[PDB]
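This report concerns only the one structure given below.
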Amino acid sequence: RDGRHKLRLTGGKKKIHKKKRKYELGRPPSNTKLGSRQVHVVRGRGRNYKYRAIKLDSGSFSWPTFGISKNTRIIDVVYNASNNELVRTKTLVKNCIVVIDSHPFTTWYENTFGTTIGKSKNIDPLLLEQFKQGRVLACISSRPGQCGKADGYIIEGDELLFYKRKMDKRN
Amino acid sequence: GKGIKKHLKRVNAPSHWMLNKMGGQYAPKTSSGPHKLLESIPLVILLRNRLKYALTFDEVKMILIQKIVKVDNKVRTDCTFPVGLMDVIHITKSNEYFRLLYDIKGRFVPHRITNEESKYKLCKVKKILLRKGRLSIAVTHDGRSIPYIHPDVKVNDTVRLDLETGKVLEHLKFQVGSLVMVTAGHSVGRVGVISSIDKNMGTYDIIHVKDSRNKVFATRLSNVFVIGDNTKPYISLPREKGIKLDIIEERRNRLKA
Amino acid sequence: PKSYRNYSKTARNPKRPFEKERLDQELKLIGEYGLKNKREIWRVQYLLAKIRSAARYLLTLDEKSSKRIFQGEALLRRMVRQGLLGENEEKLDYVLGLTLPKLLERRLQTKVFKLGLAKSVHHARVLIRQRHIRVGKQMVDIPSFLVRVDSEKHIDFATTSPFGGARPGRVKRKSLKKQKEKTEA
RNA sequence: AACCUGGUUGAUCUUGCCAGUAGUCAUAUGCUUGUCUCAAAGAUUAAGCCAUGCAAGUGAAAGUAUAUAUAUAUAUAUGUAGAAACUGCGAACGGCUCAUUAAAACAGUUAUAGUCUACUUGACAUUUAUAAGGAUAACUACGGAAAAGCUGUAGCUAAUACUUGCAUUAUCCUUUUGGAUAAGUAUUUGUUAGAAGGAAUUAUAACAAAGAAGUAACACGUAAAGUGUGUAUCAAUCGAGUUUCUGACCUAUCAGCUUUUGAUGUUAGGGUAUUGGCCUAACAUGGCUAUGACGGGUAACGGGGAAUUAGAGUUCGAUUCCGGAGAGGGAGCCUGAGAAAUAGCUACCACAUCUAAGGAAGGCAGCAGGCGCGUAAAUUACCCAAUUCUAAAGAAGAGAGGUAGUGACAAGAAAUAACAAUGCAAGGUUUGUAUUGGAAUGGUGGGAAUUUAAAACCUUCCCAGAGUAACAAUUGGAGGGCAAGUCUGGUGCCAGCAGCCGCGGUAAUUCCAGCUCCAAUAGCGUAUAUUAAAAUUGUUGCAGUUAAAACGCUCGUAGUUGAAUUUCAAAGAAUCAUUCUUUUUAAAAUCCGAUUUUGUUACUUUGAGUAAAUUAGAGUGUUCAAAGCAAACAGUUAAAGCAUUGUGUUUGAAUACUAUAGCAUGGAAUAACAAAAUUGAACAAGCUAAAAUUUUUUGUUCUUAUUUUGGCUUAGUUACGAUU
RNA sequence: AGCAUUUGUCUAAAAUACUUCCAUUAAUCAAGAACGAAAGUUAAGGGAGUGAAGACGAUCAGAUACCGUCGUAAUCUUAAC
RNA sequence: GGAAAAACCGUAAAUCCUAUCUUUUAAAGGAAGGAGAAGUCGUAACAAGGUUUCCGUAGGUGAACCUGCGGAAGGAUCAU
RNA sequence: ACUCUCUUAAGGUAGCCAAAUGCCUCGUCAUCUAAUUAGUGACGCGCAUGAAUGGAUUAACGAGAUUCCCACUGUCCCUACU
């Protein structure tokens, strides 16, 4: 599997000897979808344990601008940076764009500052407009296939504008 | 399979073990432990091949079962346990204390030491790590971990260490006026004063060392062991006092006895 | 696995087999020093040649050179121990000057023949094989032992030899005579 | 020891080969073989096939014993053993082969700021309890199947196996102390703050989220308070994976290869222990190539190294060490720290054993031993004593390993007479040699002493014990090359010999004998390969008018090679007449009128850091040598030294080499290269925008203002600026 | 390689001479290219002499040869090879 | 909580079909080269070898060869 | 090969083959096939081949002549049903 038995830098067909070694691995790939939390333990080399989430729904989501996090159910997968197949199939992967249920954050803000740490950084109107309708656009950052949970952050400013334009000239 | 290699051929073993060609086929392989394989001796070699208190490995086992050997103030029990670059061997039946030192040819001799100086050792720090709660710890070439070290002590500074408490008594700066002992380079087993330091970006650092006969040689920083300050060596040096005769003179001396 | 004990050729075969002048010379040398085979001459020749090669290499190196002074002196001291060079000579060109009769002259059989004991070179060679000789403190049967200068002073008879006064004569004849005398009387 | 001879001819000189010669840790084979030491040995052919046997286990304070046995004190107390079995740890090392494999693997040289790491070492931990839950083996009973290291039930019972789970410490304030408050290790996310390394998105510190896993419900009896076993994190360590640089055999009658099926890159993922086309998607359209890519060949594992060498070199390296690869051929997997493991497993194909035919079991390139293949190779040995390994580690295991047996593979030492008398021989009392005749001795036979895991050998001693010293030396030769026969018979161009020239047709210096002689000698022939000889592969170091060989001629790309020129000298001391060494002599910057820095690279010098064995080499009377890595010294038993009534003492195992590449380092010459005028500077002056310095408006904090330093725009001023 | 009548036109060339200019621009060159006698080929002309083939007459034991008489192709220009 | 069983991607053994390459190897007949003898036919070459040789080329021939065309001297001339 | 001989205007050259050309003839030898008067390659004293009456070879092309091989089938075994 890993690291040999593909063509020479010159374009040549390099010969093979040295039968595949276990320390190569190349373990079988895992999708992971949106459903009810279900995770499998994997035993990696040297007794490194890894967590294979095969379905998830409830993550740790961070509002970066205020440095605070709440746990939230994730409503749907809406855009993927790479292939359209993953988003179509409703499967999570690291850099994917999901939508989160914003009631925890809304509740936090009202409790803390009032109105619907380093105080008063004043939201953004586009983000605020999304916020009223109660389900908000977020980027997963952690690796589900490694860490057994999917953790992410609310999109902001320029990054927000980019994803909104790509996601939805327009078909 | 393709695991770790546990055997060691007698020929493939280090030259400074000083084993013969024809004595069987396999050496003692040192167990893993506080000093590197290539930079120690296994306790079997020390007892049988150097001191000569055993003629066989079996006699070494018989000696070892009896808790009459102590290295570093504590009893040891495995034959293949490492002697270490600087340590105190204590043989309790005959009340003998040895400190281990290099000669001037490049091998380890067990050197007869008084009871009073036997209660301390010299430890080079290899690293200094900052651990949780902002508490420093130093890491020694003696495999030993040093909690709560002075911030005044840095990586090439050596430290005098008690054996009862494991705590530091004092330290010797690696300042360019300090006695240095050569540990593994081509000129291993010498003492000099540190002439000069040359610092090279991204690469090995070399230090120029001067002998008591005013001969100069250079050596790589990795293998340099501070051994005292300009007044005296802080432990008692063996017979030739770290000073190396040149071959012609050595042969001339040997004849002229 | 293969043994780590080393081994080497003593001698080198001579090249150009039938060269008359060399061949007759070798026979002449055998005639003087009592050697069994051309092989004995060849080993001695090889030994001399190695010394000559070493000395030649040394003399190429410059004077006052550290390696040169050390090794040259050491080799020369070894020659003094062997008794190849006299006291007055002490320089590498007398090492080059070493010559094959001079080396043969330091064989133990030769030394015995010179000192006495035997009445012939051949007599000396059989005497040495038949265990009558002693270098003092040690006994030897090898006629190709070479004598070192400090050991030329202690050539003797073996103390367990007849000439040392051990078992004193021919057991057969003395017993036969004694039995006959007792019977007769 | 830096070496040459015979053969073109009537005779000659060349060119040129062939022939001779020697070696070959390089195989075979023929004859012969007495000693002793030393010791390679089914690799070349078939990585062909294998009968039988053996080759990995493990419990001496310390997880588990109502199988069972047992000793003391009064059924009871202690204990001591303990078959059996669970559990634990190993069995992933060793050992073997060399098929594969030609930038691969390997060697030096980096990197790991891209990671994993059992045993061992040292630091050392956080959100019912006078003691918790079962269920299982051995074991008991009934069983089944021709047979397997097959296993079915049901009843039991333990564990350091499996599974639960019990406080308490730290932070801030009055001020020893009195109050208040906090309290998850890795790991992962988001947010920031920031002891060291050349460089940090590093150690680390805080905030907001998640979060494994743990921190003893365990066993001994240790010090006149301790140990074992398990255990989170860190470090160390035995290491492992990737990974930088540079280095290879033959072939152009292999010249364009590589990219749909990842080739080269970019982005994002997934995957990994981690980096990466490692793998998916999307996007680029590249990457490599006559300085030989891409193919083909290899009777090719690589290297340490080996043989041969005057110096260059040339060939060889299955084979002691290191590294790689593989276990009939392929493939896939489990367990565990470590495996794509082969005396683990599953399947296929190719083989193949037992079977009552239903099914079962199999893998010697472990060691023996067999068949086959062949030019070509040993005992179904004995032993774990040493050497080491593995274990719950003394005490058990190990065909790892040692020791023998077989052994003319190689290598060292070394007999096969010696000697005196006479007689004879030759010489100027001599030297030599067929008669005699007393000494010397292994080999050998026996006994020991000893050696040894045990025996045998070695050594040593005591008996026996040579004269045709039958206790018997052979092999190949005797024209030339080439050292020794124009000796004697037989054959008669036949038989034959003959590396080569040639010999053999009736005197054969060559055949076949015999006699004599000669070379080497317990060794000597023969074959095939290989090195020298071969300056006949030629860098050193060939030849090309005519002997082999100048392209028909010219242009020309790659290649190789390339004029001159920029800093000359002067003075002092040593030494034997020279040599070696020191001082000063332009210009700028920099440091307190004095003090010290100044292109790049090749090249070269030193160095550094280099596995041993090998190899060169110092030391060392193994009986000598091949060797080994040791040893030496005094002492009929004590002196002597030095320890404060005691203790042997000196010791040796050096040194060098370990590519050309990489690393540091002094450098004047030699080379390159950089810098270099249809123009480029260097400085002094002035204005301008950036930074520093001083000040500071106002009821937890927003300003403003002068001054000083680097960058930029604009006239002047300099030995201003270009080698022949 | 090759080049010999006359004159013209278009071309190149070398030496010399040069107190003329440039300033190393060079030397030899695998790859590749230009030219390349004679014969031969392909195509158009052209065709005197010469003359492989061939035909005869001789010479010779024989003669497919030397010698002789005749005689196609080629030899010449253009255009390719 | 969980044994049997299945389906899907993914590893992917193996079997067969083609295709090319590789390797020896058969084959009537053809046509070479050498080796062997005293066989046949010539007279080609060496002398001006009885037509100077030899080259390149083309045609012919029983073969050695002969002839054309243009070269060379290694020619038999270094020369009115 | 080489020689003699009668004789022609000249005596078949380069080629080619039992060919749509060969009587003798189902020529002799191979090969294809299980069996070959067929196919193909050779051989060639050829009843009676052969050089613009064209000879020899040919890529492409063919409602052409000929043979074999693969695929395929009621052509056939052996017919039946519709």
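Note on naming: chains are A, B, ... as they come in the structure tokens, residues start from 1 per chain, ligands start from 1 in the order shown.
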
Might you pull out every residue within 12 Å of residue G:14, with only C-alpha atoms (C1' of nucleotides) counted and same-chain residues fewer than 6 positions away left off, and present them as number ranges by chain?
-> G: 50-51, 55-56

Counting only C-alpha atoms (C1' of nucleotides), what is within 12 Å of residue C:173, bar same-chain residues fewer than 5 positions away, as a count of residues only?
-> 6

Pick out each residue of stretch 2-165 of chain A that DSSP on the backbone tags as helix (DSSP H, G or I); I need them as an MDAnalysis selection string.
-> chainID A and resid 22:24 45:47 64:66 84:88 103:112 125:132 144:147 157:165

Those selected residues, please, written with C-alpha atoms and delivered as a JSON list (two decimals), in the first residue's frame.
[["chain", "number", "residue", "atom", "x", "y", "z"],
["A", 22, "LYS", "CA", 2.26, -4.15, 7.87],
["A", 23, "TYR", "CA", 3.62, -0.75, 8.96],
["A", 24, "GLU", "CA", 2.40, 0.67, 5.65],
["A", 45, "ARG", "CA", 0.05, 0.88, 15.34],
["A", 46, "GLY", "CA", 1.86, 0.98, 18.69],
["A", 47, "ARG", "CA", -1.49, 0.85, 20.48],
["A", 64, "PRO", "CA", -14.40, 32.60, 17.33],
["A", 65, "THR", "CA", -14.94, 36.36, 17.81],
["A", 66, "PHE", "CA", -15.99, 35.92, 21.45],
["A", 84, "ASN", "CA", -20.03, 17.64, -4.61],
["A", 85, "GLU", "CA", -20.55, 13.93, -3.80],
["A", 86, "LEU", "CA", -19.90, 14.27, -0.04],
["A", 87, "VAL", "CA", -22.39, 17.12, 0.43],
["A", 88, "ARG", "CA", -25.00, 15.33, -1.73],
["A", 103, "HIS", "CA", -30.37, 28.91, 20.09],
["A", 104, "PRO", "CA", -27.47, 28.27, 22.53],
["A", 105, "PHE", "CA", -25.45, 31.18, 21.16],
["A", 106, "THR", "CA", -28.50, 33.45, 21.07],
["A", 107, "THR", "CA", -29.29, 32.50, 24.67],
["A", 108, "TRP", "CA", -25.68, 33.04, 25.75],
["A", 109, "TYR", "CA", -25.49, 36.52, 24.16],
["A", 110, "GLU", "CA", -28.75, 37.64, 25.76],
["A", 111, "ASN", "CA", -27.67, 36.35, 29.19],
["A", 112, "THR", "CA", -24.18, 37.84, 28.93],
["A", 125, "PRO", "CA", -25.49, 42.65, 10.04],
["A", 126, "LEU", "CA", -25.33, 39.81, 7.48],
["A", 127, "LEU", "CA", -24.61, 37.35, 10.26],
["A", 128, "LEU", "CA", -27.34, 38.98, 12.39],
["A", 129, "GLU", "CA", -29.87, 38.58, 9.56],
["A", 130, "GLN", "CA", -29.06, 34.90, 9.45],
["A", 131, "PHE", "CA", -29.24, 34.75, 13.27],
["A", 132, "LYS", "CA", -32.91, 35.85, 13.47],
["A", 144, "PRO", "CA", -14.50, 13.09, 12.50],
["A", 145, "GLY", "CA", -12.69, 10.06, 11.10],
["A", 146, "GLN", "CA", -9.95, 10.51, 13.65],
["A", 147, "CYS", "CA", -11.53, 12.14, 16.68],
["A", 157, "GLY", "CA", -16.94, 38.27, 7.57],
["A", 158, "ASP", "CA", -15.03, 37.68, 4.37],
["A", 159, "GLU", "CA", -15.04, 33.89, 4.72],
["A", 160, "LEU", "CA", -18.82, 34.10, 5.22],
["A", 161, "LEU", "CA", -19.21, 36.13, 2.03],
["A", 162, "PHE", "CA", -17.17, 33.60, 0.04],
["A", 163, "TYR", "CA", -19.18, 30.60, 1.19],
["A", 164, "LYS", "CA", -22.49, 32.36, 0.68],
["A", 165, "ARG", "CA", -21.59, 33.30, -2.91]]

As a PDB file with N, CA and C atoms, in the first residue's frame, please: every residue in stretch 88-174 of chain B that DSSP puts in strand (DSSP E).
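After the write, part_6.pdb holds the following:
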ATOM      1  N   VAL B  88      29.516   5.409  40.786  1.00  0.00           N
ATOM      2  CA  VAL B  88      30.167   4.811  41.917  1.00  0.00           C
ATOM      3  C   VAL B  88      29.713   3.386  42.002  1.00  0.00           C
ATOM      4  N   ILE B  89      30.657   2.455  41.860  1.00  0.00           N
ATOM      5  CA  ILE B  89      30.487   1.054  42.149  1.00  0.00           C
ATOM      6  C   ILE B  89      30.962   0.795  43.568  1.00  0.00           C
ATOM      7  N   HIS B  90      30.115   0.163  44.390  1.00  0.00           N
ATOM      8  CA  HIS B  90      30.400  -0.188  45.759  1.00  0.00           C
ATOM      9  C   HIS B  90      30.254  -1.678  45.951  1.00  0.00           C
ATOM     10  N   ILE B  91      31.345  -2.336  46.377  1.00  0.00           N
ATOM     11  CA  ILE B  91      31.390  -3.762  46.621  1.00  0.00           C
ATOM     12  C   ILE B  91      31.470  -3.952  48.115  1.00  0.00           C
ATOM     13  N   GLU B  96      34.930  -1.868  49.275  1.00  0.00           N
ATOM     14  CA  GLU B  96      35.675  -1.203  48.234  1.00  0.00           C
ATOM     15  C   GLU B  96      34.765  -0.307  47.436  1.00  0.00           C
ATOM     16  N   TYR B  97      35.263   0.894  47.137  1.00  0.00           N
ATOM     17  CA  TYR B  97      34.545   1.851  46.348  1.00  0.00           C
ATOM     18  C   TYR B  97      35.357   2.170  45.109  1.00  0.00           C
ATOM     19  N   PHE B  98      34.722   2.113  43.939  1.00  0.00           N
ATOM     20  CA  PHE B  98      35.339   2.460  42.686  1.00  0.00           C
ATOM     21  C   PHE B  98      34.554   3.557  42.040  1.00  0.00           C
ATOM     22  N   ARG B  99      35.224   4.534  41.434  1.00  0.00           N
ATOM     23  CA  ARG B  99      34.552   5.443  40.535  1.00  0.00           C
ATOM     24  C   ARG B  99      34.982   5.050  39.134  1.00  0.00           C
ATOM     25  N   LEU B 100      34.070   5.041  38.149  1.00  0.00           N
ATOM     26  CA  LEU B 100      34.441   4.639  36.803  1.00  0.00           C
ATOM     27  C   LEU B 100      34.990   5.794  35.985  1.00  0.00           C
ATOM     28  N   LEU B 101      36.206   5.668  35.416  1.00  0.00           N
ATOM     29  CA  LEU B 101      36.786   6.720  34.595  1.00  0.00           C
ATOM     30  C   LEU B 101      37.428   6.161  33.349  1.00  0.00           C
ATOM     31  N   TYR B 102      37.609   7.010  32.319  1.00  0.00           N
ATOM     32  CA  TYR B 102      38.407   6.675  31.154  1.00  0.00           C
ATOM     33  C   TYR B 102      39.891   6.780  31.437  1.00  0.00           C
ATOM     34  N   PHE B 108      37.457   2.129  29.780  1.00  0.00           N
ATOM     35  CA  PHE B 108      37.059   2.286  31.160  1.00  0.00           C
ATOM     36  C   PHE B 108      37.820   1.424  32.142  1.00  0.00           C
ATOM     37  N   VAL B 109      38.395   2.082  33.151  1.00  0.00           N
ATOM     38  CA  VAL B 109      39.059   1.475  34.268  1.00  0.00           C
ATOM     39  C   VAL B 109      38.265   1.784  35.530  1.00  0.00           C
ATOM     40  N   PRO B 110      38.085   0.854  36.432  1.00  0.00           N
ATOM     41  CA  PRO B 110      37.466   1.099  37.717  1.00  0.00           C
ATOM     42  C   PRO B 110      38.496   1.625  38.686  1.00  0.00           C
ATOM     43  N   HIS B 111      38.346   2.868  39.156  1.00  0.00           N
ATOM     44  CA  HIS B 111      39.391   3.577  39.859  1.00  0.00           C
ATOM     45  C   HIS B 111      39.069   3.659  41.339  1.00  0.00           C
ATOM     46  N   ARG B 112      39.989   3.147  42.188  1.00  0.00           N
ATOM     47  CA  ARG B 112      39.928   3.134  43.644  1.00  0.00           C
ATOM     48  C   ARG B 112      39.698   4.461  44.324  1.00  0.00           C
ATOM     49  N   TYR B 120      29.185  11.336  46.394  1.00  0.00           N
ATOM     50  CA  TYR B 120      28.709  12.208  45.327  1.00  0.00           C
ATOM     51  C   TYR B 120      29.122  11.763  43.930  1.00  0.00           C
ATOM     52  N   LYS B 121      28.435  12.287  42.902  1.00  0.00           N
ATOM     53  CA  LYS B 121      28.779  12.032  41.517  1.00  0.00           C
ATOM     54  C   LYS B 121      28.624  13.298  40.695  1.00  0.00           C
ATOM     55  N   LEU B 122      29.111  13.272  39.446  1.00  0.00           N
ATOM     56  CA  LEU B 122      29.117  14.393  38.532  1.00  0.00           C
ATOM     57  C   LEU B 122      28.163  14.107  37.412  1.00  0.00           C
ATOM     58  N   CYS B 123      27.181  14.992  37.196  1.00  0.00           N
ATOM     59  CA  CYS B 123      26.158  14.783  36.199  1.00  0.00           C
ATOM     60  C   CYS B 123      26.114  15.923  35.217  1.00  0.00           C
ATOM     61  N   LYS B 124      26.386  15.611  33.948  1.00  0.00           N
ATOM     62  CA  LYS B 124      26.076  16.466  32.840  1.00  0.00           C
ATOM     63  C   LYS B 124      24.599  16.460  32.535  1.00  0.00           C
ATOM     64  N   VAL B 125      24.005  17.644  32.442  1.00  0.00           N
ATOM     65  CA  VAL B 125      22.678  17.831  31.921  1.00  0.00           C
ATOM     66  C   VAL B 125      22.720  17.849  30.397  1.00  0.00           C
ATOM     67  N   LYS B 126      21.855  17.071  29.732  1.00  0.00           N
ATOM     68  CA  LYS B 126      21.680  17.128  28.293  1.00  0.00           C
ATOM     69  C   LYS B 126      20.544  18.059  27.874  1.00  0.00           C
ATOM     70  N   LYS B 127      19.460  18.170  28.663  1.00  0.00           N
ATOM     71  CA  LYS B 127      18.324  19.008  28.315  1.00  0.00           C
ATOM     72  C   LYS B 127      17.667  19.627  29.531  1.00  0.00           C
ATOM     73  N   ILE B 128      16.908  20.723  29.321  1.00  0.00           N
ATOM     74  CA  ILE B 128      16.144  21.380  30.369  1.00  0.00           C
ATOM     75  C   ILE B 128      14.763  21.667  29.817  1.00  0.00           C
ATOM     76  N   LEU B 129      13.753  21.051  30.432  1.00  0.00           N
ATOM     77  CA  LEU B 129      12.371  21.107  30.030  1.00  0.00           C
ATOM     78  C   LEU B 129      11.522  21.838  31.034  1.00  0.00           C
ATOM     79  N   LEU B 130      10.577  22.648  30.548  1.00  0.00           N
ATOM     80  CA  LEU B 130       9.615  23.358  31.356  1.00  0.00           C
ATOM     81  C   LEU B 130       8.317  22.570  31.470  1.00  0.00           C
ATOM     82  N   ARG B 131       8.023  22.021  32.656  1.00  0.00           N
ATOM     83  CA  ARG B 131       6.854  21.197  32.893  1.00  0.00           C
ATOM     84  C   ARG B 131       5.825  21.961  33.701  1.00  0.00           C
ATOM     85  N   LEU B 135       7.428  24.850  36.329  1.00  0.00           N
ATOM     86  CA  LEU B 135       8.500  24.205  37.065  1.00  0.00           C
ATOM     87  C   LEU B 135       9.513  23.547  36.138  1.00  0.00           C
ATOM     88  N   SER B 136      10.744  24.077  36.075  1.00  0.00           N
ATOM     89  CA  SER B 136      11.795  23.475  35.263  1.00  0.00           C
ATOM     90  C   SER B 136      12.289  22.138  35.777  1.00  0.00           C
ATOM     91  N   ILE B 137      12.767  21.270  34.871  1.00  0.00           N
ATOM     92  CA  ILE B 137      13.466  20.054  35.232  1.00  0.00           C
ATOM     93  C   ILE B 137      14.606  19.856  34.257  1.00  0.00           C
ATOM     94  N   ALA B 138      15.756  19.398  34.762  1.00  0.00           N
ATOM     95  CA  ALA B 138      16.913  19.074  33.962  1.00  0.00           C
ATOM     96  C   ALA B 138      17.015  17.582  33.721  1.00  0.00           C
ATOM     97  N   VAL B 139      17.647  17.193  32.616  1.00  0.00           N
ATOM     98  CA  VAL B 139      17.677  15.836  32.129  1.00  0.00           C
ATOM     99  C   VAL B 139      19.114  15.476  31.924  1.00  0.00           C
ATOM    100  N   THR B 140      19.593  14.396  32.548  1.00  0.00           N
ATOM    101  CA  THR B 140      21.018  14.104  32.593  1.00  0.00           C
ATOM    102  C   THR B 140      21.454  13.007  31.660  1.00  0.00           C
ATOM    103  N   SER B 145      16.528  12.288  36.156  1.00  0.00           N
ATOM    104  CA  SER B 145      15.745  13.494  36.050  1.00  0.00           C
ATOM    105  C   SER B 145      15.933  14.354  37.275  1.00  0.00           C
ATOM    106  N   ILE B 146      16.150  15.659  37.089  1.00  0.00           N
ATOM    107  CA  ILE B 146      16.537  16.544  38.160  1.00  0.00           C
ATOM    108  C   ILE B 146      15.439  17.563  38.363  1.00  0.00           C
ATOM    109  N   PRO B 147      14.664  17.518  39.423  1.00  0.00           N
ATOM    110  CA  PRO B 147      13.611  18.480  39.643  1.00  0.00           C
ATOM    111  C   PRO B 147      14.165  19.719  40.296  1.00  0.00           C
ATOM    112  N   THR B 158      27.778  21.310  34.146  1.00  0.00           N
ATOM    113  CA  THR B 158      27.621  20.058  34.874  1.00  0.00           C
ATOM    114  C   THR B 158      27.173  20.382  36.270  1.00  0.00           C
ATOM    115  N   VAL B 159      26.808  19.369  37.047  1.00  0.00           N
ATOM    116  CA  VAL B 159      26.270  19.575  38.358  1.00  0.00           C
ATOM    117  C   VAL B 159      26.719  18.462  39.263  1.00  0.00           C
ATOM    118  N   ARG B 160      27.118  18.832  40.484  1.00  0.00           N
ATOM    119  CA  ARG B 160      27.524  17.900  41.495  1.00  0.00           C
ATOM    120  C   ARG B 160      26.299  17.409  42.219  1.00  0.00           C
ATOM    121  N   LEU B 161      26.155  16.092  42.356  1.00  0.00           N
ATOM    122  CA  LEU B 161      24.911  15.512  42.775  1.00  0.00           C
ATOM    123  C   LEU B 161      25.135  14.523  43.887  1.00  0.00           C
ATOM    124  N   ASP B 162      24.426  14.729  45.011  1.00  0.00           N
ATOM    125  CA  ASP B 162      24.339  13.780  46.092  1.00  0.00           C
ATOM    126  C   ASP B 162      23.635  12.503  45.658  1.00  0.00           C
ATOM    127  N   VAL B 168      21.022  18.624  44.124  1.00  0.00           N
ATOM    128  CA  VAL B 168      22.241  19.270  43.692  1.00  0.00           C
ATOM    129  C   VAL B 168      22.958  19.971  44.831  1.00  0.00           C
ATOM    130  N   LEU B 169      24.286  19.807  44.916  1.00  0.00           N
ATOM    131  CA  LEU B 169      25.101  20.495  45.896  1.00  0.00           C
ATOM    132  C   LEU B 169      25.650  21.810  45.377  1.00  0.00           C
ATOM    133  N   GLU B 170      26.141  21.810  44.131  1.00  0.00           N
ATOM    134  CA  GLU B 170      26.727  22.964  43.489  1.00  0.00           C
ATOM    135  C   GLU B 170      26.813  22.632  42.019  1.00  0.00           C
ATOM    136  N   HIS B 171      27.318  23.548  41.181  1.00  0.00           N
ATOM    137  CA  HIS B 171      27.390  23.329  39.752  1.00  0.00           C
ATOM    138  C   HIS B 171      28.646  23.950  39.198  1.00  0.00           C
ATOM    139  N   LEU B 172      29.113  23.452  38.046  1.00  0.00           N
ATOM    140  CA  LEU B 172      30.309  23.930  37.394  1.00  0.00           C
ATOM    141  C   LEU B 172      29.912  24.469  36.050  1.00  0.00           C
TER     142      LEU B 172
END

Separation of atom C1' of residue G:69 and atom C1' of residue G:39, in Å?
->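 Taking atom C1' of residue G:69 and atom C1' of residue G:39, their separation equals 12.4 Å.
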
Could you name the residues that touch stretch 69-76 of chain F at 9 Å or less, counting only C-alpha atoms (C1' of nucleotides), but leaving out those on the same chain fewer than 5 positions away, as a PyMOL selection string?
-> (chain D and resi 546) or (chain E and resi 37-39+52+74-75) or (chain F and resi 48+52-58)

Hey, what's within 12 Å of residue F:65 if we count only C-alpha atoms (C1' of nucleotides) and toss same-chain stuff fewer than 4 positions away? As number ranges by chain, please?
-> E: 64-65; F: 43-44, 60-61

Give me the chain A side of the contact with chain F, cut-off 12 Å, one line per residue showing its nearest atom pair and distance in Å at one decimal, counting only C-alpha atoms (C1' of nucleotides), sorted by chain and residue number, as a Markdown table.
| residue | atom | partner | partner_atom | distance |
| --- | --- | --- | --- | --- |
| A:1 | CA | F:11 | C1' | 9.6 |
| A:20 | CA | F:11 | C1' | 12.0 |
| A:25 | CA | F:11 | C1' | 11.6 |
| A:26 | CA | F:11 | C1' | 10.2 |
| A:27 | CA | F:10 | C1' | 10.0 |
| A:28 | CA | F:10 | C1' | 7.1 |
| A:29 | CA | F:10 | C1' | 8.9 |
| A:30 | CA | F:9 | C1' | 11.1 |
| A:31 | CA | F:9 | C1' | 11.4 |

Distance query residue C:49 at most 12 Å, only C-alpha atoms (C1' of nucleotides), self and fewer than 6 positions along chain excluded, as a list in words | residues 10, 11, 12, 41, 42, 43, 55, 56, 95, 96, 97, 98, 99, 100 and 103 of chain C; 1 of chain D

Find the spatial neighbours of stretch 208-217 of chain D, counting only C-alpha atoms (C1' of nucleotides), within a cut-off of 8 Å - ignore same-chain residues fewer than 2 positions away - and output them as a list in words.
-> residues 60, 61, 62, 67, 68, 69, 70 and 71 of chain A; 125, 126, 129, 131, 132, 186, 187, 188, 189, 190, 191, 231 and 232 of chain D

If we count only C-alpha atoms (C1' of nucleotides), which residues of chain D reach to within 8 Å of chain B? Please list them as a ChimeraX atom specification.
-> /D:92-94,119-123,195,198,203-204,235-240,321,338-339,341,386-389,394,401,607-609,611-613,629,653-655,664
